[PDB]
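What follows is a short report on a single structure.
2 protein chains.
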Amino acid sequence: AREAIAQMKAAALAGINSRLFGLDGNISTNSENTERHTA
Amino acid sequence: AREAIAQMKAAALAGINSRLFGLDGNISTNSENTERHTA
């Protein structure tokens, strides 16, 4: 049975790419403006 | 008759490859995407 177990564990895991990062929360698509308006 | 029986049992079994595994249900042809779309 020691063989058959390892065959199961290896058969049920393939293609799963770990990729320890998820996604970052910090977005900056465009920097902050910091300018004014007048008439 | 003890000889003839064993000849039958051996004659009627040949080429059958046991192969204790069948097929796995877990498929992963392509990993899961997890991305978005916008305009």
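Protein sequences, first through last, are from chains D and X. With the first letter of the first sequence counted as 1, position 12 gets the number 91 in the working numbering; the numbers rise by one all the way through. With the first letter of the second sequence counted as 1, position 36 gets the number 115 in the working numbering; the numbers rise by one all the way through. Ideal Cβ positions, reconstructed from N, Cα and C, are used throughout, including at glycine.
Chain D has no Cβ within less than 8 Å of the Cβ of X/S97. For a Cβ distance threshold of 9 Å, nothing in chain D lies close to X/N112: the least Cβ distance comes to about 12 Å. For D/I106, the three-state secondary structure derived from DSSP is coil. At least 8 Å separates the CB of D/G104 from every CB of chain X. In the three-state DSSP reduction, X/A90 falls in the helix class (H, G or I).
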